[PDB]
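J.: Need the 3D shape of this:
(chains A, B, C, D, E, F and G, ligands or ions: 2)
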Amino acid sequence: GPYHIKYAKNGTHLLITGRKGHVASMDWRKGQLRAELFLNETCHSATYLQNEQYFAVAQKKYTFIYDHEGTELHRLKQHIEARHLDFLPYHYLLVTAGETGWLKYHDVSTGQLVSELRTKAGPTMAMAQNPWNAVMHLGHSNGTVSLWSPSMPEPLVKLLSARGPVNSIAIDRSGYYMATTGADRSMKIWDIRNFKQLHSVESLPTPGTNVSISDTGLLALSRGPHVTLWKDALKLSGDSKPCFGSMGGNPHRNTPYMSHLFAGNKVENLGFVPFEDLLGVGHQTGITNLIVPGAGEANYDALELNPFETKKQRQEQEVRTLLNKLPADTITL
Amino acid sequence: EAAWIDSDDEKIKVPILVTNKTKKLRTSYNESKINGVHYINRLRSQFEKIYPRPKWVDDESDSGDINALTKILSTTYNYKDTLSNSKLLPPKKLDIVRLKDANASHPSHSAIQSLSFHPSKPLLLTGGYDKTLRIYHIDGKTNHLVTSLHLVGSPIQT
Amino acid sequence: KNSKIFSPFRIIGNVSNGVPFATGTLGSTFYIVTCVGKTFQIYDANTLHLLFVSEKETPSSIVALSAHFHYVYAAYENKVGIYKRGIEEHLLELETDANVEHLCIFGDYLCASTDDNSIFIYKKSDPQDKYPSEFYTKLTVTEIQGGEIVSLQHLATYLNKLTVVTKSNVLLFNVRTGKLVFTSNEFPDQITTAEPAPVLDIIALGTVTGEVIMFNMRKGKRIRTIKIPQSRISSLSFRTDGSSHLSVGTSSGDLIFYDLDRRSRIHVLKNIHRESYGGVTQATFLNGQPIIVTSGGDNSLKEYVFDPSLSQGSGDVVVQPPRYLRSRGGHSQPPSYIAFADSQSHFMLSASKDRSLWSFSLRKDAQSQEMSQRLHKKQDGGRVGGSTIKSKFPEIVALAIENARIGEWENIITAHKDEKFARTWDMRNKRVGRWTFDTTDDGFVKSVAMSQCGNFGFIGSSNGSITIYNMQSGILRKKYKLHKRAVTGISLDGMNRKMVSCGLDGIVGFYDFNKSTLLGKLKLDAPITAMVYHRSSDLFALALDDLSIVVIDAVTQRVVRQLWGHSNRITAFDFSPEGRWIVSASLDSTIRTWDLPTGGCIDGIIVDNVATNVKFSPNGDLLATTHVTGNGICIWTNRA
Amino acid sequence: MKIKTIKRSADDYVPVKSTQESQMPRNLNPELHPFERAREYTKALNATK
Amino acid sequence: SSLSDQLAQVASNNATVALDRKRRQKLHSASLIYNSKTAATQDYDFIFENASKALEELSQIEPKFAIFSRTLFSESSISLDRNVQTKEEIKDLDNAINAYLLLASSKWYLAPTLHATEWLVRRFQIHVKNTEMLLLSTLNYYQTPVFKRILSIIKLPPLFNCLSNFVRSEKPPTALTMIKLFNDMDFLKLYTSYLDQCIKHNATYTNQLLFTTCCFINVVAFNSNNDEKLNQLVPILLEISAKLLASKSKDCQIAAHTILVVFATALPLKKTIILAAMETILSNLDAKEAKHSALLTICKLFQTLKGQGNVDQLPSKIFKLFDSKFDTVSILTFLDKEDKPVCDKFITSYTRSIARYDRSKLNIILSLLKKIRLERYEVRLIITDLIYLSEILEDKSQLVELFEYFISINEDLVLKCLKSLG
Amino acid sequence: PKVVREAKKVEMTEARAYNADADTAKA
RNA sequence: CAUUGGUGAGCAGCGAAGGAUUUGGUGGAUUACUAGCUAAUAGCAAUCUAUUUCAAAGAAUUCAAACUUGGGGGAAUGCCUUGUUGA
Ligand SMILES: [Mg+2]
Ligand SMILES: [Mg+2]
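T.: Residues are numbered from 1 along each chain as shown, chains lettered A, B, ... in the order given. Ligands and ions are numbered 1, 2, ... in the order given. See the structure here:
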């Protein structure tokens, strides 16, 4: 341990990467282990590429791409000390950031480095992708949030959303709201369409390591061993501000929707199960899924993502998605 | 139908909100202080939520019959009659223990061609082509030699 | 009685003295508080590691123990002590000479029952006070009300009522007002144990003739009646894991389990604890787990677990029998011999009258392990002759160890009472060895010694013959015949050149091991009883029969010192590592430290129980002793 | 209280008959179909190519 | 534990979800009437249509089956899935399934039952979830072809792994292996529970009792050498005997008569257990055919008694009960038949009981002694008691005649008893 | 094969316990 | 004649209600034993979360930030640096 978990875009596969180097790709529902590496190295995070066939792992100094069965396919020499990974599905780009403060976009299909951008803000502390526009959000140690595109050597937008390092960032499905947590024990919800701060829970009991937003809009928070969920937090009206406790039953105050305590474990990552009402939690002793009613999208669209896809559908979808790949340049606010 | 009634419980009046654990016992948020009888009755419900009420306590009570055999099984743990009381030995199992060998005290230099136990006294006689008559006192723990008698030129067959 | 060189440190190898242990829960985890004579030890239920011990020995033996969260209450004579983390925080002293017998804590009240059928109640001075300190009142149950008090129990949801359980019947006392709310009907058979059930208003009562009664206090009526003919219940406990089970302990040492719903027996665990030492003194289910902890007077604590049922359906019927999970233990009778296994103070060998040899670890209690007596297969191929029923080896009269060749082959020799050969053991493997050494003169083994190099083992016979074997092969090499009486000591110098022997004839012979020659012969006034040879200094001390310790210099073969003062036999003695002191014990119940340079007694002690053995640590830090009473070993620190 | 969870009847979404077509549920919420303009653009470019 | 091990437990739980098409093919392929290739092609509606007709035929044979038409075989059951239901609901479904498997246990030979159970195998996947109940009901058909099919489509529980070889194997399981499956104690508790359910519902039939009896008898025989195991067997199997004896159905009681006798010879027992056994046997003894089997069992039990008081008189309650179910004329008829089993010890005990309790039957003593030759020690006990009778009871023509009989045969022994007594 | 009888590892679990401290009451 | 070659058939000798080989599972050790959880100068251990908010403190022209590159030759279009044009 500790274990970092990432689910597939369709919710069919789960990728766990132990810090000391146990990477496992598995179909958690049917309990079949696709691959299992015991890299005697430190692995920081991993992601699934276009489908469950390929995954990437950020090891001590380089990123490696692997096949379904666990054979390495490439060693990405260009990406040095990558700490966080993300994959833009429609554009077929792999994104990286780390201690170098360089944002590198790599195209998986052609194997070419589309663009490498100098953040100039020291090591990157958090990252999240906006699904609506595929603009990447980076946190930094100076407390700013910067938005980047492959085509622009300078950040599109810079938001000052904390007084210290930004530990985590999350963006809803609609690409309209953003939740940032900092080392100043503060959470800030942002409206990224118009760039207006909506809420600022200035004082938390302890710094929040991670944040996440479901498809349905639940806001999830983790503070060391605690995991707290709020419903309807992401909204413009004042009463939706997150509050831990209602004072004398004031209806306007928004108390936590659900909470849970991992007794002796520090949570490592939170990831919602895409199309099911489950919340994944990574911690020191492994992986745990909590039951969070209302979290997920009940009605998925089969053409785009399908949890019940057969292999023949998988390979047909792998090509047609490759044919209409959006060019990297099209990314914009 | 309670056998006893405790009057101190009807007068005792306890606050709930002082301790965190008791806070669950409230029925309404305005309520803050209750007399004892309701406090006991509320404590009973919370106790059940901790340890659910099993079947044996409630539905069942003990308070030629067919169930004779099942009863006698319950009381007895050893289902085999003690062999000490019986005066026939069991068929297939032998309860046999070794003792010190009789001849350790004074060994025989030839085969033990015959053995005999004295009718009343605890003596055993051995012989062999060694031409000797050894009598032993079989106690089972020492087995010393009472006497020996050498018969020159009389091989002992019985 | 207070030494100026040595001070008590702890007792090793004692896990429970038979007093019922008490279980306390901190959050999720569970801990077990056990009695060891005049002190108590707290064990973690998960791993049975030793966590804490009471700082100081109570003036009188502990009788009852009850634990409640961090705080632990221990009751000795007329005083009830409160302890936190093994540190006494406060002492409740009762105002009567009668000794406390039972102890109950519910909420802010503390109840202590004395042997005169008087119940004392203490209360908390303040509602948020941690433990009760103030004296509230005194309730006494007369013989008309009921008989002697068996135990004090508190049922849940009973506001300020104490369920006093007596041999005659059960009583309900309201401590706040001190009035008898209810007296139960008389029970024909003497009651021995009580237990509050997870059900409400029902308390399980154990009688002296194998009855368990689920008596309903609210209804004042019997609900159920178990029968266990020809037995005496000693403990009771219910299973709170969601299955209606009941564990009934018996004085015979047998633990039985019943399924109350089905009215049937799951299993019986036989002879888990010796019947001689009180059998199942305490057996309690952990609250909400499938694990049951048991203890007994035989200085052992055990744990058993109920595995899940194998049947996918009807799991209730198909119940796996309980399975041994883990345990900790010690000798059942006082140790007879001790010796330091290692140059450091890590490991200790102990042999007792219970026919078992143990390896005790001073640095940690968990590391303590028993030497298995399973025999290796004979090299010849012949069948080893022994009784089919497995019985432990007779007790160990004498022992010797070396570490020059640890791991390569056997390095320990032990002699047994009334046995004509010496058996070998292997420390690294923790198992008896594959060689047996015979005296070869129809005589019993009286002395065992080993060379420093770990290659030769010397066995001294009672008929005067000294045999030498080779440890690696167990083949006899040489045999010395000088003494005509029993040899009571053998030793070989560090250089493996000069050998010295002593026997009941009072003669000490000097042999040259290399050339096998008799260098010289020395006669003393009295028979010799034991010998210790100090290899660094080449001095060896003889415990003569005239109550004298004679030091002799092997190089020159002359008496150099003679120590007097002992009033009785010298049971044992040892040299200091540096070669400067001798600590000797005697049957006059004293331990005297003798200063060899000046030849006089510099320190003296009076122990309540005679000390059978004394052994310095090779470091010199610790001194360990064993006594005619007490299953453990007393450890002392060398203040010098 | 009243708890309800996203609840998939496997028979609905995986046909029992091996011959039958598989169900294809469809949600027209734009939040599930991002880049409406860019995707149609490439499909225009590829049609020209 | 390794990651692979835990994932295996997840798979076993998730066996019947039908997550993807390949899983749907394996699950839907299992069948009791059809091969794999045809099985994949069928739909629930077609399968249910056959079952609805098949249940109707079973209903005509036995009205009880008609009830499941309202619960398991209703048109709504087509849309019912187990994976989607809650924990409380599945228990009611399991109870309904278990009840049905009991009724279908005796009609497996008939063709319609094999169709009716197909609906449960396909719809409710009893072959995966209720695996234990299905095998237990069809244990006695182990040589039948139907049992072979059940093995092929079923994953064996941990207790039934003795049959692991015979899955998808040409030879059916042999009689010898069935003894191994019953040999393990854990199975006996499992089979005991299932057998208990049959008695409660009176669902038993001769074939089950025959097979259940034959296995239990054999288990004792296989354990004859190992005494300690036999001791562990007594709590289980004798407990079954008490339950079987409780049943009104005669064939159930007769099976208890078989199983009791074999222990008595297999393992000597205390008299209290033997005496307790008589009361249970005699409490529910109404059927004539059971009545014959009982009397042989009673005599056989006493022969196994080999301790002091072996020929002691029965307790008073036991004696009155025995005479009620067996008048004096009956036992004389039993003593008459030339092929009688050895019953001397019981008759010695039954003889002495009369003298203690029933004086007017004292004439019957003369008839009983003539018909059967009793052992010398037995005769000595009879003489000793009759001597006390004369001292206490008034002298009677029958009483002196009984002596007069003993005068005629073995006169010298009569003096020895008189010498020791008077 | 005979029935496999494996000793599965048993680890502790949280369980709720009734606390007597609610019991004592002062007038 | 020799096998320190294999496979068997039997002795002598050893020899207490059997002996020998292989193997699955769990438990204790393999470092030297001061208890669990939390928002931690105390609560909880049945949790509260119907006081958990307010106040106070808190923003370097460091407004720097790949110490992270396999060697050789280049680099249209990119990116870095510098200057320039027009707003
Ligand atoms: Mg093993
Ligand atoms: Mg270059």
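J.: Now do the contacts for residue C:377.
T.: By Cβ atoms under 8 Å, 6 or more residues apart in numbering or on different chains, residue C:377 lies in contact with nothing. Using the backbone N, CA and C atoms, a C-beta is placed for each residue, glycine as well.
J.: which residues are in contact with stretch A:106-122?
T.: A:49-50, A:54, A:65, A:74, A:76, A:78-79, A:87, A:91-97, A:101-105, A:138, A:140-142, A:144, A:146, A:148, A:150-153, A:155, A:322, A:325, A:328.
J.: Assign the residue located most distally from the centre of chain A to helix, strand or coil.
T.: Among the C-alpha atoms of chain A, the one farthest from their average position, using Cα atoms, centre = their mean, is that of residue A:248, at 36.7 Å. Here residue A:248 is helix, with the state taken from DSSP: H, G, I helix; E, B strand; the rest coil.
J.: Equivalent analysis for residue C:301, please.
T.: Applying three-state DSSP: residue C:301 is strand.
J.: I'd like the distance between it and chain F.
T.: According to Cβ to the nearest Cβ, to the nearest Å, residue C:301 and chain F sit 17 Å apart.
J.: from memory that residue sits against residue C:329, does it?
T.: Yes - using Cβ atoms under 8 Å, residue C:301 makes contact with residue C:329 at a distance of 7.2 Å.
J.: Please, which helix or strand holds the closest residue to residue A:95 other than its chain neighbours?
T.: Ranked by Cβ to Cβ, 6 or more residues apart in numbering or on different chains and with sequence neighbours excluded, the top spatial neighbour of residue A:95 is residue A:86, at 4.8 Å. Assigned by DSSP states H and E, residue A:86 belongs to strand A:82-88.
J.: do residue C:91 as well
T.: Going by DSSP H and E, residue C:91 is part of strand C:87-93.
J.: And for residue A:320?
T.: helix A:311-323.
J.: So for that helix, what gets flagged as buried?
T.: Judged by neighbour count (16 or more other Cβ atoms under 10 Å in any protein chain shown), helix A:311-323 contains these buried residues: A:314, A:317.
J.: Next, see if it gets close to chain E.
T.: No - remark: helix A:311-323 sits outside contact range of chain E, by Cβ under 8 Å from any Cβ of the partner chain, the gap being at least 8.8 Å.
J.: Among the contacts of stretch A:106-122, name the buried ones.
T.: Using 16+ other Cβ under 10 Å, the buried ones in those are A:49-50, A:54, A:65, A:76, A:79, A:87, A:91-97, A:101-105, A:138, A:140, A:144, A:146, A:148, A:150-151, A:155, A:325, A:328.
J.: Determine the longest helix present in chain D.
T.: helix D:36-48 (DSSP state H).
J.: Would you list the phi and psi of residue C:633?
T.: phi -120, psi 130 (degrees, to the nearest 10).
J.: That one reaches residue C:352, doesn't it?
T.: No - between residue C:633 and residue C:352 there is no contact under Cβ under 8 Å: 10.5 Å.
J.: now the strands for chain B?
T.: B:13-15, B:33-35, B:114-117, B:123-127, B:132-137, B:144-150 (DSSP state E).
J.: how about those, which one is nearest chain F?
T.: strand B:13-15 (4.7 Å; Cβ to the nearest Cβ).
J.: so after whichever strand or helix holds residue C:52, what's the next helix or strand?
T.: Using DSSP H and E, residue C:52 sits within strand C:50-53. The helix or strand immediately downstream of strand C:50-53 is strand C:62-68, counting by DSSP H and E.
J.: Next secondary structure after that next one?
T.: Counting by DSSP H and E, what follows strand C:62-68 is strand C:71-76.
J.: quick one: the residue of chain C found nearest RNA strand G and residue A:286, what's the gap?
T.: Proximity to RNA strand G, evaluated over chain C using Cβ to the nearest atom of the strand, is greatest for residue C:27 at 2.4 Å. Here residue C:27 is placed at a distance of 21 Å from residue A:286 (Cβ to Cβ, to the nearest Å).
J.: and residue D:30, how far is that from residue A:129?
T.: 18 Å.
J.: hmm, back to that, which of the contacts of stretch A:106-122 fall in helices?
T.: Per DSSP H, the contacts of stretch A:106-122 map to helices at residue A:322.
J.: Now, the contacts of stretch A:106-122 that are in strands?
T.: A:65, A:74, A:76, A:78-79, A:87, A:93-97, A:102-105, A:138, A:140, A:144, A:146, A:148.
J.: what's the offset of stretch E:69-88 from the middle of its chain?
T.: 35 Å (Cα atoms, centre = their mean, to the nearest Å).
J.: swap in stretch A:32-47?
T.: Stretch A:32-47 sits 18 Å away from the centroid of its parent chain (Cα atoms, centre = their mean).
J.: Next: stretch E:217-226.
T.: Using Cα atoms, centre = their mean, the offset of stretch E:217-226 from its chain centre is 16 Å.
J.: same thing with stretch C:261-274?
T.: 27 Å.
J.: do the same with stretch C:535-550
T.: Taking mean C-alpha positions (Cα atoms, centre = their mean), stretch C:535-550 and its chain are 32 Å apart.
J.: follow-up on the earlier one: enumerate residues external to the helix holding residue A:320 that contact any of its residues.
T.: So helix A:311-323 is contacted by A:50, A:51, A:53, A:89, A:90, A:92, A:109, A:306, A:309, D:46 (Cβ under 8 Å, 6+ apart).
J.: circling back: near RNA strand G at all, the strand holding residue A:86?
T.: No - using Cβ under 7 Å from any atom of the strand, strand A:82-88 never reaches RNA strand G; the gap is at least 9.6 Å.
J.: Now do that strand: everything it contacts.
T.: A:44-50, A:56, A:58, A:62-63, A:93-99, A:104, A:108, A:123-124, A:126-129, A:134, A:136.
J.: Then stretch B:67-77?
T.: Stretch B:67-77 is contacted from outside by B:79, C:227, C:229, C:263, C:265, C:268, E:234-235, E:238-239, E:241-242, E:245-246, E:270, E:272-273, E:276-277, E:279-280, E:283, using Cβ under 8 Å, 6+ apart.
J.: Ok, stretch C:401-413 next?
T.: Outside stretch C:401-413, the residues touching it (Cβ under 8 Å, 6+ apart) are C:339-343, C:349, C:399-400, C:422-428, C:433-435, C:437, C:448-455, C:457, C:459, C:471-472.
J.: Pull up the gap between residue E:322 and chain B, please.
T.: 10 Å.
J.: wait, I meant residue E:92
T.: From residue E:92 to chain B the distance is 18 Å (Cβ to the nearest Cβ).
J.: what's the burial count for that residue?
T.: 11 (other Cβ atoms under 10 Å in any protein chain shown).
J.: Next: residue C:545.
T.: 16.
J.: OK, contacts around the residue nearest to residue C:228 when sequence neighbours are not counted?
T.: Among residues not flanking residue C:228 along the chain, residue C:210 sits closest, at 3.5 Å (Cβ to Cβ, 6+ apart). Residue C:210 makes contact with C:227, C:228, C:229, C:230, C:231, C:232, C:233 under the criterion Cβ under 8 Å, 6+ apart.
J.: what's the answer for residue A:140, then?
T.: Residue A:140 touches A:119, A:121, A:122, A:124, A:125, A:146, A:165, A:166, counting by Cβ under 8 Å, 6+ apart.
J.: Dihedrals phi and psi, the first one?
T.: For residue A:119, the backbone dihedrals (degrees, to the nearest 10) come out as phi -80, psi -30.
J.: What's the local residue count around it?
T.: If you count neighbours by other Cβ under 10 Å, residue A:119 ends up with 17.
J.: Who wins on neighbours among the contacts of residue A:140?
T.: Neighbour max across those (other Cβ under 10 Å) = residue A:166, 27 neighbours.
J.: Please report how far residue E:371 lies from residue E:334.
T.: Applying Cβ to Cβ to residue E:371 and residue E:334 gives a distance of 9 Å.
J.: And those two? Which one has more around it.
T.: Taking other Cβ under 10 Å, residue E:371 and residue E:334 do not tie; residue E:334 has more neighbours (19 against 15).
J.: out of the contacts of strand A:82-88, which touch RNA strand G?
T.: Okay, of the contacts of strand A:82-88 touching RNA strand G (Cβ under 7 Å from any atom of the strand), that's A:99, A:123.
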